[PDB]
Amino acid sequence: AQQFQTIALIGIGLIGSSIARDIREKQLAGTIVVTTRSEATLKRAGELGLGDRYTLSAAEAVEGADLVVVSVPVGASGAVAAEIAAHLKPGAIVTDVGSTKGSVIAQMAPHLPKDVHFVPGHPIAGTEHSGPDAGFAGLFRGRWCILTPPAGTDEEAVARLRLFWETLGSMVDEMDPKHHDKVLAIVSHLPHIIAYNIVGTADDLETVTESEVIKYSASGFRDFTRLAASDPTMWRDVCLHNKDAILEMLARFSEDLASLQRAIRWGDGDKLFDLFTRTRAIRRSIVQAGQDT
């Protein structure tokens, strides 16, 4: 079943460890090499049996690796690329899984040598949990993964990465990085930002107690709390590195909310009914597509 003789995983949290478990289950690698920055996380990965070889040095980890998967918060991407650059073998494929792509490409590509193939990726799959114990086999089954190869990228390298993600159970699409960043700003980043904002709002109230919010959360609030429990480093970094697309979507959202607020202020039941009717269609399409939870 092997697709790569050696796969090096740099970062071994939710995504990296889920990839590790799938590689083991599908026998996709001759050798899995695991690296992460801390001794504590590396030890956990060892106790979990996520790799065959382990190291604290990303430079050492990539020596002789055919595929290098970088699964770290996006603001760390450049530092990883700088540390591994000199140690990559000719023809290595370097990929990532970052939630932003334009930034990652800009941060990493200046460090990477001409003889390696850089094929950025993004699996459209996750949970609110983090670290190696949070990962599991099958996270990517029936999900989409987006690749964003720069112009002139080796087409065989792209095909091998497409096959890899398909083997993990994903459907694969390719797009330009700027388009990726616009699409993800609305389908992912804005939803998280808005969830953080509403949970912060509720926390700040004096008249309604924390106990009340918790007790009665099954009337809608709980759904937003799940997203707002995600890792703060990950989401800090997305906001810092997809700024322009996020700000565009926030401005659209806030224009629309002013109009909805005015319909509520003026008791415009017909406008409210029309908005609430229009939104149902999207859910029905998601359900028919099998993308619902």
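All residue numbers are counted from 1 along the displayed sequence.
> Could you check the entry and say whether 204 to 212 or 119 to 127 has the higher mean CA B-factor?
Looking at the record's C-alpha B-factors, the answer is 204 to 212.
> Averaging C-alpha B-factors over each stretch, which comes out higher, 238 to 246 or 40 to 48?
Comparing 238 to 246 with 40 to 48, the higher average CA B-factor belongs to 40 to 48.
> Name the residue from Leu275, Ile23, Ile10, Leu14 with the greatest C-alpha temperature factor listed in the entry.
Checking the PDB record, the top C-alpha B-factor among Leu275, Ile23, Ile10, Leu14 is at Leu275.
> From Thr35, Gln27, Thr225, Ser230, which pick has the Cα B-factor that tops the rest in the entry?
It is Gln27.
> Taking the C-alpha B-factors as the PDB entry records them, is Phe253 in the lowest, middle or highest third of its chain?
According to the entry, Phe253 has a C-alpha B-factor in the chain's lowest third.
> Could you look up the Cα B-factor of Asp66 in the entry and say which third of the chain it sits in: lowest, middle or highest?
Lowest third - that is where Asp66 ends up once the chain's C-alpha B-factors are sorted.
> Compared with the other modelled residues in the chain, in which third is the CA B-factor of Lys114?
Its C-alpha B-factor belongs to the highest third of this chain's values.
> C-alpha B factor of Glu155, ranked within the chain: lowest, middle or highest third?
CA B-factor rank for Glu155: highest third.
> Ordered by C-alpha B-factor within the chain, which third holds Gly75? Give me lowest, middle or highest, please.
Its C-alpha B-factor belongs to the middle third of this chain's values.
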